[PDB]
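The numbers here are math on the coordinates, done by the rules we state, and not lab data. Here Cβ is always computed from backbone atoms with ideal geometry, including for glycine, and neighbour counts include all displayed protein chains.
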Amino acid sequence: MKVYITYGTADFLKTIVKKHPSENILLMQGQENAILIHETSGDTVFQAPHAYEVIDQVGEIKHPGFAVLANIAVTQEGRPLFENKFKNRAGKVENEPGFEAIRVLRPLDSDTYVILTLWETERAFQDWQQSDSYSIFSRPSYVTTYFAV
Ligand code: HEM
């Protein structure tokens with residue numbers, strides 16, 4: 001129900017994972033830095049996290065091979081319209097082979113919504129992206145990807 005994200009060197013982020021073994025904290029490696037993703041109903045364990053509310057979810061955050069974040073900046077005025085489109089989402093992605101999980105994350109510390117998808121492999125995501133299933137913006141959207149460590 002909340003998701004906290006933080007960024008930094010994998011070496012630094014690993015210390016947080018090990019400090020909190022009873023929390024489900026997922027570490028993945030990206031090009032610029034590594035990421036921790038912590039889903040919980042409780043409080044953050046990160047210094048100055050990015051905090052999000054979960055507005056749609058399918059699947060468990062476990063040991064995915066690949067993660068993709070669509071980072072979509074939405075104006076304050078556009079938020080109601082943007083969020084309400086998710087009730088109308090096709091609902092196909094969660095049925096594609098190699099899919100593990102999706103979170104649609106409402107940002108509480110910025111304007112940048114995250115559509116987080118977790119996949120068994122990078123190929124599973126590539127197959128989805130090539131398939132049939134798949135102003136209110138403050139700046140252009142961008143995608144970040146991360147791999148299992
Ligand atoms: C290119 C990176 C993107 C990825 C990986 C991505 C991923 C997704 C996923 C997984 C869904 C759910 C599909 C389903 O329910 O079957 C979705 C739907 C949606 N996406 Fe994206 N998306 C991206 C870009 C964007 C951008 C730039 C926007 C800006 C508006 C956007 C707006 C939406 C909206 C409003 C929905 C709700 C369903 C719909 O109306 O199509 N997406 N997207």
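Remarks
- Local charge for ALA124 was computed over the other residues whose Cβ lies under 15 Å away, with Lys and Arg +1 and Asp and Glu -1, and equals -3.
- Summed residue charge, Cβ within 15 Å of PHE46's Cβ, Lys/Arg positive, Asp/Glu negative: 0
- Assigned charges on the beta-carbon of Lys, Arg, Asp, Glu; segment 100-149 dipole about Cα centre (debye): 200
- Difference of contour (0.36 nm per residue) and Cα-Cα distance, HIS63 to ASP127: 21.1 nm
- Among the listed pairs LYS62/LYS92; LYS2/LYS85; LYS2/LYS92; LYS19/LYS85; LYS2/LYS87; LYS62/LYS85, those whose Cα-Cα separation exceeds 31 Å are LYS19/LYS85.
- Trypsin sites (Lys or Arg not before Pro) restricted to segment 1-83 and DSSP loop, no more than 11 other C-beta within 10 Å: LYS62
- Given charges at beta-carbon only (K, R positive; D, E negative), |dipole| of segment 1-139 in Debye: 160
- Evaluating kT/(6 pi eta Rh) at 10 °C and 1.306 mPa s, with the Kirkwood radius of segment 65-134 over Cα pairs in the Stokes-Einstein relation, gives 122 µm² s⁻¹.
- Counting only the Cα atoms, the chain fills a convex hull of 118 Å³ per residue.
- Whole-angstrom gap from segment 1-42 to segment 66-143, using each part's C-alpha centre: 20
- Simple label model, 7 Å out from Cα along Cβ direction - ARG79 to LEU27, nm: 3.3
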